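First the structure, in the form of C-alpha cells, and then the observations on it.
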Amino acid sequence: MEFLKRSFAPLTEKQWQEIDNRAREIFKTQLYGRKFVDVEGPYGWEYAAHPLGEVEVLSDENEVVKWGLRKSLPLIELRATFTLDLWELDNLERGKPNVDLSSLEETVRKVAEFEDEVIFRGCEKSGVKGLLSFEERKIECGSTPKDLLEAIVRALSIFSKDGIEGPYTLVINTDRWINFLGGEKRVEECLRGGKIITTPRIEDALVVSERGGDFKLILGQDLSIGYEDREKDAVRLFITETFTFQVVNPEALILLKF
Amino acid sequence: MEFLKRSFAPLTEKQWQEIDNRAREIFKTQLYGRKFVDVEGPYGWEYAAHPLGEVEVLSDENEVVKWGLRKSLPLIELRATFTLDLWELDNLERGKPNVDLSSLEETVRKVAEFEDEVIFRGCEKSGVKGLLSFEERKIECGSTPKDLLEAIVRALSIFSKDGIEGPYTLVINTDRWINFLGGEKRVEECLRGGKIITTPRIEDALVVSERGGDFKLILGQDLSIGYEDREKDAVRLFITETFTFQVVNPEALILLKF
Amino acid sequence: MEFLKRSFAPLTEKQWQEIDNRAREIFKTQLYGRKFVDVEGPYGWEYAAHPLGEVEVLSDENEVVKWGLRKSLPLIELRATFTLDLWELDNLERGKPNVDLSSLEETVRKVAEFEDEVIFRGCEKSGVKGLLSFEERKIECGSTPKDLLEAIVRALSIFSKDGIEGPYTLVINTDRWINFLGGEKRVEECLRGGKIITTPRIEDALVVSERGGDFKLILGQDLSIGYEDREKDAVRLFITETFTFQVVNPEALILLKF
Ligand SMILES: Cc1cc2nc3c(=O)[nH]c(=O)nc-3n(C[C@H](O)[C@H](O)[C@H](O)CO)c2cc1C
Ligand SMILES: Cc1cc2nc3c(=O)[nH]c(=O)nc-3n(C[C@H](O)[C@H](O)[C@H](O)CO)c2cc1C
Ligand SMILES: Cc1cc2nc3c(=O)[nH]c(=O)nc-3n(C[C@H](O)[C@H](O)[C@H](O)CO)c2cc1C
C-alpha cells in the first residue's frame with residue numbers, strides 16, 4: 001500500500017500497469033507450490049509471528065511458581081531490486097507496444113525460485129521443515145510405466161489405511177515424465193481423475209492429497225512492487241514479500257523414489 | 001468503394017455476384033496466415049504508414065536544439081490484373097450454371113501466395129521481418145511420432161518459463177504430417193486440445209500461442225475486385241489490397257527443426 | 001499531457017504559471033511563419049507520418065502480381081533543455097514580482113529560430129521543401145518606392161493569370177523596409193488593404209495569398225514545457241514539439257529579387 005512509495009516514482013499509470021501485468025504473468029506460471037498448497041489469507045505488513053500452540057518450560061522442578069515461553073514461527077521478509085531505463089519506458093507513450101523488461105523478468109524468476117526452494121527444502125535458520133524432509137513417507141518405484149502405475153496403486157492403499165480420502169495429485173520431474181509419456185490417460189485413471197503437475201524443482205515424484213488443510217502457506221504481505229530511488233538514467237524498483245510455511249498433517253504426503 | 005470503378009463495367013448484378021462468390025471461396029481456404037494471426041481492422045484507402053513508437057536522433061552532440069525523426073512501417077499496395085470473356089459471361093443470363101472462371105481462379109491463387117510469402121519470409125525493401133527469421137527460437141526434433149510428442153512437451157516447457165499461457169497451435173508441412181499420421185489424437189492431447197494446421201508454405205513445423213496480440217496484420221483496404229478497361233471481346237479486372245505485418249512478441253513462437 | 005512529468009517537479013502552481021506565461025509571450029511574437037501559414041490541428045503525441053497520396057512501384061515489368069510502397073512525410077521531434085535556480089524561483093512566494101528567467105528566454109528564442117528555419121529553407125534529411133526553394137516564382141525589383149509599387153502590381157497580374165484571388169500579404173526584411181519607409185499607405189492601397197509583415201528571417205521580399213489551403217504546418221504536439229531531473233541547486237526543464245510542413249500550391253507565392 002502506502003509503504004510502497006509508488007506515487008513518488010516518475011512513471012505514469014500506463015507504465016505502472018505495463019510493469020504489473022508482466023510481473024503477474026510470469027509469477028502465475030513460475031510459482032509451483034501454490035498450485036497445490038493452501039494459502040492462508042494476508043494478515044498485513046505488521047504481522048510478525050505465527051503461533052505453534054505450545055509452551056516450553058524453563059523453571060526448575062521445586063519452584064512454587066512455574067513458567068515458560070510460548071512458541072511461534074517468525075515470518076520471512078524478502079526484497080530484491082532491479083533497474084529500468086527511462087527513455088525505453090517513455091517510448092510506450094509514443095506508442096511502442098513491446099518495451100524491454102528483461103531485468104524485471106530475470107528478477108521475478110529468481111524470486112519465484114527462492115520461494116519454491118523454501119517450500120520444498122525448508123530453511124534451518126527460520127525453523128521451516130520442507131516437503132522432502134519427511135523421509136519416513138517413502139516408497140520405491142521402478143522406471144517403467146507399469147512400475148509407475150503399481151506405485152500409484154500402492155500409495156492409494158497407504159492413504160486408505162491412514163484415513164486420508166480426497167482428490168489425489170502427482171507432482172513429477174519433467175525429464176522423468178518424458179520417459180513415461182504415452183500413459184497419461186492410464187495414470188489419470190489410476191489417480192481417479194486427478195491432476196499431474198510437472199516441475200523442475202524436484203528430481204523424483206510425490207503424491208499428495210488435496211482434501212484441504214494439510215499444507216499451509218501463511219502470507220503477511222503478498223508479492224508487491226515498489227520504488228526505491230532514481231539514478232541518473234534509470235529507476236530502481238524492488239519486489240517484496242513476507243511469508244512462512246508449515247506441514248500440518250504429514251500423513252497426506254508420500255515420496256516416490258526412482 | 002467508389003475508387004473501384006465497378007459501375008462502369010458492362011456487367012449485371014448477377015455476374016458481379018458470381019465473380020465475387022468464386023473469389024471469396026478460394027481466398028477463404030488459400031489464405032493460411034490469417035488462420036492464426038490477428039487482424040487489425042481496416043483503416044481505409046488513404047492510410048499510408050503504421051507508427052513504431054520510436055525516434056531516431058540526427059543532430060550533433062553539442063547542438064542546443066536536438067531533433068530526430070519518428071519511425072514507421074510503410075504499407076504495401078498490390079494490384080493484379082486478369083481478363084474475362086463477355087460471351088461466356090453472358091451465358092449466365094441464358095441460364096448456364098457453370099461459367100468458366102479459370103483466369104480469376106489462377107490470379108486469386110497467385111495473390112494469396114504473395115501475401116503468405118510476405119507473412120512467412122518478410123520483405124527487405126519494406127522493413128517487414130517474417131516468422132521464420134527469428135532463429136533463436138529454435139529446437140531440434142526427430143522423425144518419429146514419439147519425437148514429435150517429446151518436442152511439443154519441451155516447447156510447452158519453454159512457453160511456461162517465458163510466461164506465455166494460452167491455447168497452442170501446431171503449424172506443419174503436409175508431407176511431414178503424412179508420415180506422422182496415426183497419432184493425431186495423442187498430439188491433440190499433448191497440445192491440450194489445440195489445433196493442427198497443415199500447409200505447403202513451410203518445410204518444417206512451428207508452435208504458436210493464440211492468446212492474442214503477438215502477431216499483427218495491419219490492413220488499410222481488404223482484398224477487392226475492380227474494373228480497368230475493356231478490350232474488344234473481354235473485360236480487364238483487377239484485384240487490389242494494401243497491408244503490412246509485424247511480430248510484436250517473439251516469445252510466443254518456437255521453431256521445430258526436423 | 002502526462003508524458004510531460006510536470007507533477008514530479010518541485011514547483012508550485014504559481015511558479016508553473018509564471019514560467020508558462022513568459023514562454024507564451026515570447027513565442028507569440030517570435031514565431032513568424034505562423035503569422036501567414038495554415039495550421040492543421042494537433043493529432044497527438046503518437047502521430048508519426050503524414051500521407052502524400054502516392055505509390056512508388058518496385059516490381060519488375062513481367063511480374064503477375066505488381067506492388068509498391070505508399071509515400072509519406074515523417075514528423076520531426078525536437079527537444080531543448082535549460083536549467084532554473086530554485087532559490088531565485090522561491091523568491092516569488094516571498095513576493096518578488098520580477099524573477100530572473102533569462103535561460104528560459106534564450107532557449108525559447110533558439111527554438112523559434114529553428115522552426116522558422118525549417119519553414120523558410122526546408123530540411124533535406126526530412127524531405128521538406130522550403131518557401132525560398134521555388135525559384136521559378138521569381139520577379140525582379142528595383143530599390144525605390146516606385147519600383148516596389150510597380151513590382152507589387154506585376155505580382156497581382158501574375159496571380160490573376162493563375163486564378164489566385166484572395167487577400168494579399170507582403171513579407172519583407174526590416175532593413176529593406178526602413179529604406180521604403182514613407183510609402184506605407186500607398187503600398188497598402190496597391191495591395192488592396194493587405195498586410196505587411198517585417199521579419200529578419202529573409203533578405204528580400206515575397207508576396208503571398210491568404211485565401212487558405214496553400215501552405216500547411218502539420219502539428220502532432222504543440223510546443224510544451226516538461227521536467228527532466230534535478231541537480232543539486234536547480235531544475236532541468238525542456239521544451240518539446242513535433243511537426244512537419246508542406247507547400248501544396250506553389251502558384252500562390254511570388255519571390256521578389258532586389
Ligand atoms: C529528441 C529526443 C528525445 C528524447 N526523449 C527522451 C525521453 O522521452 N525520455 C528520456 O528519458 N530521455 C529522452 N531524451 C534524452 C534526454 O534528454 C536525456 O535524459 C539527456 O541525457 C538529458 O540531458 C531525448 C533526447 C532527444 C534528443
Ligand atoms: C446468336 C448470337 C448470339 C450472340 N450472343 C452474344 C452475347 O450474348 N454476348 C456477346 O458478347 N456476344 C454475342 N454474340 C457475338 C457478338 O455479336 C460479337 O461481339 C460479334 O463479334 C460482334 O460483331 C452473339 C452472336 C450470335 C450470332
Ligand atoms: C534564510 C535562508 C533562506 C533560504 N531560503 C531558501 C529557499 O527559499 N529556497 C532554496 O532553495 N534555498 C534556500 N536557502 C538555502 C538552502 O538552505 C540551500 O539549498 C542550502 O545549500 C541547503 O543546505 C535559504 C538559506 C537561508 C539561510
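By convention in this document, the chains of the C-alpha cells carry letters A, B, ... by their order, each chain's residues are numbered from 1, and ligands are numbered from 1 in the order they are shown.
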6 Å shell around ligand 3 using only C-alpha atoms and all ligand atoms, listed as a list in words: residues 86, 87 and 90 of chain C
Expected answer as an MDAnalysis selection string: residues within 9 Å of ligand 1, only C-alpha atoms and all ligand atoms: (chainID A and resid 85:91 93:94 232:234) or (chainID B and resid 55:59 65:69) or (chainID C and resid 3:4 76:81 228:229 236 238 240)
Non-local contacts of residue 116 in chain C (8 Å; only C-alpha atoms; under 4 positions in same chain excluded) as an NGL selection string: :C and (31-33 or 112 or 120 or 201)
Residue hits in chain B, query chain A, radius 8 Å, only C-alpha atoms, as an MDAnalysis selection string: chainID B and resid 51:54 150 153 160:165 248:249
Just the selected residues (C-alpha atoms), exported as a short mmCIF file (atom, residue, chain, number, x, y, z; two decimals), in the first residue's frame, please.
data_model
loop_
_atom_site.label_atom_id
_atom_site.label_comp_id
_atom_site.auth_asym_id
_atom_site.auth_seq_id
_atom_site.Cartn_x
_atom_site.Cartn_y
_atom_site.Cartn_z
CA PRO B 51 3.84 4.00 -36.20
CA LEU B 52 6.68 2.18 -34.49
CA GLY B 53 6.79 4.43 -31.40
CA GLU B 54 10.42 5.47 -31.73
CA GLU B 150 8.64 -35.02 -26.93
CA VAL B 153 6.29 -31.15 -24.46
CA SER B 160 5.89 -21.81 -19.32
CA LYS B 161 9.31 -20.43 -18.44
CA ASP B 162 8.64 -17.32 -20.53
CA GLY B 163 5.19 -16.77 -19.01
CA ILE B 164 3.16 -17.37 -22.18
CA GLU B 165 -0.03 -19.30 -21.42
CA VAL B 248 5.20 -7.90 -31.53
CA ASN B 249 6.23 -10.63 -29.05
#
CA of residue 8 in chain C to CA of residue 7 in chain A, straight-line distance in Å: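 The value is 9.5 Å.
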All strand (DSSP E) positions in range 162-258 of chain B, as a PyMOL selection string: chain B and resi 168-173+195-199+205-209+215-230+234-247+253-257
Atomic separation - CA of residue 212 in chain C relative to CA of residue 108 in chain C, Å: 28.4 Å
Contacts of range 213-227 of chain B within 6 Å, only C-alpha atoms, excl. fewer than 6 positions in-chain, as a VMD selection string: chain B and resid 4 to 6 37 to 40 42 to 45 47 237 to 249
Picked from range 47-186 of chain B by DSSP as helix (DSSP H, G or I), as a ChimeraX atom specification: /B:86-94,102-121,131-133,145-162,174-180,184-186
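CA of residue 254 in chain A is positioned 15.8 Å from CA of residue 147 in chain A.
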Long-range neighbours of range 192-196 of chain C as a PDB file with N, CA and C atoms, in the first residue's frame, 6 Å cut-off, only C-alpha atoms, 3 positions minimum in chain:
ATOM      1  N   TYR C 168      -3.971  39.618 -50.046  1.00  0.00           N
ATOM      2  CA  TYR C 168      -2.554  39.508 -50.350  1.00  0.00           C
ATOM      3  C   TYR C 168      -1.725  40.085 -49.213  1.00  0.00           C
ATOM      4  N   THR C 169      -0.562  39.484 -48.984  1.00  0.00           N
ATOM      5  CA  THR C 169       0.309  39.858 -47.880  1.00  0.00           C
ATOM      6  C   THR C 169       1.737  40.007 -48.379  1.00  0.00           C
ATOM      7  N   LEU C 170       2.419  41.050 -47.910  1.00  0.00           N
ATOM      8  CA  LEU C 170       3.823  41.271 -48.230  1.00  0.00           C
ATOM      9  C   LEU C 170       4.680  40.919 -47.023  1.00  0.00           C
ATOM     10  N   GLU C 188      -0.153  49.722 -49.016  1.00  0.00           N
ATOM     11  CA  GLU C 188      -1.403  49.086 -48.612  1.00  0.00           C
ATOM     12  C   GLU C 188      -2.469  49.221 -49.692  1.00  0.00           C
ATOM     13  N   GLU C 189      -2.586  50.410 -50.287  1.00  0.00           N
ATOM     14  CA  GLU C 189      -3.577  50.605 -51.341  1.00  0.00           C
ATOM     15  C   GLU C 189      -3.301  49.700 -52.533  1.00  0.00           C
TER      16      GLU C 189
END
